[PDB]
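Below you will find one chain, with nothing else, as C-alpha cells; this is the form deposited in one PDB entry, and questions on how it binds or moves follow later.
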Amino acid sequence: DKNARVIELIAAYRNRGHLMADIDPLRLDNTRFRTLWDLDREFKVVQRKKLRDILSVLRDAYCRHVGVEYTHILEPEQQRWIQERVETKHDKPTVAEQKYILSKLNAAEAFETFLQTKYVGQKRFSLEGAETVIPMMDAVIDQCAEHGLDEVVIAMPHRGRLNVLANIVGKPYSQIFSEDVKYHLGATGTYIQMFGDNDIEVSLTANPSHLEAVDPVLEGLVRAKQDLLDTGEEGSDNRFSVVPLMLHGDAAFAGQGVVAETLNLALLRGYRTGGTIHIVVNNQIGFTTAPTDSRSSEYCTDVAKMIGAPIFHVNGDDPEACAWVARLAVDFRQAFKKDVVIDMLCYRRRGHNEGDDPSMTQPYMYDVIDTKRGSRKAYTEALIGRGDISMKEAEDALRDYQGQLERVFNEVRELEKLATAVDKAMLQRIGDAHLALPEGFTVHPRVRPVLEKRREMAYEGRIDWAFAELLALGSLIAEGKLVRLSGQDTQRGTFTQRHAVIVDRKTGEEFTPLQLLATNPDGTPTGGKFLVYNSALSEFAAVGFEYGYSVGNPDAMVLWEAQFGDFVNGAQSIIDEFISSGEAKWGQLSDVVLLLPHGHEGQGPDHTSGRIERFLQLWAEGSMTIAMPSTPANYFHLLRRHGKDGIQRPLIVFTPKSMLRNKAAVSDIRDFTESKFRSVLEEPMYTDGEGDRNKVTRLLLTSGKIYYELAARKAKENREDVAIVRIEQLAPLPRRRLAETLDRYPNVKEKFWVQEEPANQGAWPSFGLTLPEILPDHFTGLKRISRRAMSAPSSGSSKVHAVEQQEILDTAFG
C-alpha cells in the first residue's frame, strides 16, 4: 500500500505541483504554500531509488521556481518528452553562462535607467521589474540559432520595445535615438551567437496600440517567409526555420478574443507556422486592474490549453530558470511543431504612465514593490551568495553596468505601365487544365459540367465571373506568381461557383486544376504556385493573417474572401489599424486583396452589404484601390493589374452573388485578349453598337449589378434619351476618365447617382460630397436615386426589398 501512495504522490506533483511552485517574485498570496522512516527506504520507479531522492527530484522539477503544466497534453509522447527533461538532474550553468546572463541583465537595466533619466514621458514603456525578459528572449533566439534556423520574427506590445531593439535585434543607439512612432515601427537585425558559431536573422514587426491585434499578422508574415524558404507545410522540409516569437501582457492575453482565434490557427494546414514561442510578461497587473477583474482562470495563459500547449510559469527573479525554460521551449517547438507558452511572473516597478501613483488603486502590491531590489542587483548578490563569482568579478559586473550606462548617454550625446491582356492560347490552357484530371480521378457528377463548360468558355466565349477570376489567377501562376487564396468555404465557393479544388467522389483526394499552370508546356516550373484553403470560422485572425502574409511576401498575390461582405466587420481592427493605415503610419506596405460579396437581393441585413461607405470613408491620398466591377473581363483585368502593377497597396473588391449566374453578365474572348481594366464603362450600344449619344438628356451614374436592371428597363421601353454610365473603380475616383466620358453626351440636362444601398450607405455619402467638388462643371446639381436612409444595410423582408428595388427603377425612368 506504501508503493501505491508513492505512485499517487508522483502523479500529484506532475499534475498539480505548479500550484505550490514559488513563481511569484512578490509572494503576494501567502495562502499559496499553506512516514519519515519510509524516506530512506528504496522504491521501484525499472529503477531503485530512495523516497527522499524521488521527492527531491519532484520538488526541484515542479515546486521550485518553475511551474510546469503539461498533463493536459493528449499526446503521450509529448508528456513523456517534457517529463524526461524536467525530472532529470541538470548540470548547473557554467560560470561563463552565468556571467553572460548577468551582462544581459546589466545592458537591459542600464538601458532602462537611461530611458527614464534622459527623456520625459517614458514611464509607460518601462521594463523595470521585468528586465529578465531580455536574457529570456536572448536564450530563445540563441537556441533557435543552435538548431540552425533562418529567422526569428518578433511581435510585441510597447513595454520594453526599445530595449528589445537594442539588446535583442541589436539595433545601434544612433538608429534607435534619431528624430512615439518608434514604438510601432518594424526592424531587422542579425543575432550572432556568443558561445557558438551560428547566426540568425531577427526581425520585429510593426503594430498599433491595439493589444494582441498583431498576433495573426505575425503568423501570416512568418508563414509567407516559411513558404519563400520552401520550409514547413508547403515546403520540402519540416524544419519551419522561421520562428514566431510572440510577446504579451497578462491582462491582454486573457481578455482579447484574437488570442484564441490565433491559437486556433496553430495546427491548420493553411495557417500553421510550426509552433509559436509565446512569452507573457506577467506583471500581475493591467494598468490599475487586478488579475481577479481581468480573468476567470488561475493563470493568464489558460487559453493556451485549447491547443494542448505546454505552459511554463517561471519566477522573473530567477534569470537562470528563465533562460533554461526558454531553451526547453525552443526544443519542444522543434520536436513537435506546436506552440509553447512561457508565463514570466514579474512586477511593474513604476506606475502605468506619468499620471499614475499606483498605490492609489493597488496599495498592497506597491508597498511590496517598494521593498524589492532589481533582478540585476538580486542575481549579482545571489551569484556572490552562492560563490559562483569572486568579489573582483562582482565589482567588474557592477563596473560593466556603469560602462553600459555611460555608453548609451555618450552615444546619444554624440548623435545629438504594364499590359494585362493575355493571348487566346493562355485562356485555352486554363480551360484545358479543368479537364486534365489525374489518372483514375472520379469527378462528382455535378462538378463535371462546370469543368466542361470552362473548356467551352475558354474557346468559345460567354465567360462568366467565376471562370474570369480563375483565368486571372491562372495566368499569374503561369507567369511565375505565387497566388494565395483563402476564406470560408473558398475552395468550392460560397455560391458553388469556384471549384478551385475538386474532390474525388470515391477517395476524397483533392485536385487543383490551376496548379497545372505552375508547369510550362515543356515541363519546366514557372516559379508560380496556387495555394488555396478553406479558412477557420474567423474574420479577425484570418484577415490579419492574409495582411501579414502580403507583408511577409510582397511578390505574392494574396486574396482573402468573406463568406458575405457583411461579416468583414468582425475584422474591423485589422481593416482600421493595418490595411487602411499601415503605409501612412509605419511605411509598411501591403498588397492584400479583400473579396467582399455584396448586393441587395432580399436576403436580409446580414447578407446584403460589405459596407462600401465605410471603406470609402477610410480611403485617403491613394492608400487603397476600391472597386465594384460589373463585368467578368473587367474583374479579370482588375486582378491582373493589381498582381502586375508593382503598387504595394490593398485592393477592396465588392464581388457579386446572383450576378455570378446573370446571363447578361458574361464577357467575350476579345475583352480578355485585346482590352484592359476600364475604371468607367459606357453601354456597349455607344462604344460598339449603333446607339446615338446626342439623343441623351438624362444621365444615370451607377456601379455594380443594378446596371443590368437599368439596361433591361431602358431596352424594354426603348429610352434613347437615357444613358447609363458605370463607375467600376470607386477609389481613387477616375476623375480624368469620368470627365472625358460625360463630355461625349452634350445634350444631358440632368444627372443622377443611382444605387441599391440606403442614402446613408453605398458610394453616395462620399460621391455626393466629392463629385461636385472634384468636377464642378460636370456634377453641380447631381441628384441621388437610392433606398431611404436606414439604421441597417437593408430590410429583413424580401417583399419590402422587391418593392424598394422597383421604386428605384421607376424613379430612374420617371
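Counting begins at 1, following the sequence as shown. The term rigid core refers to the most C-alpha atoms you can superpose between the two forms while keeping them within 1.5 Å.
Although not depicted, the form deposited in another entry is the subject of the following passage.
- Only one candidate in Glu720, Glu393, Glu234, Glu682 has its Cα displaced by 2 Å or more between this form and the one not shown after core superposition: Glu393.
- With the core held fixed, the Cα of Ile384 is displaced between this form and the one not shown by 2 Å or more.
- The Cα position of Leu699 differs by less than 2 Å between this form and the one not shown after fitting on the rigid core.
- A movement of the C-alpha atom of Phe409 reaching 2 angstroms or beyond is seen between this form and the one not shown when the two forms are aligned on their rigid core.
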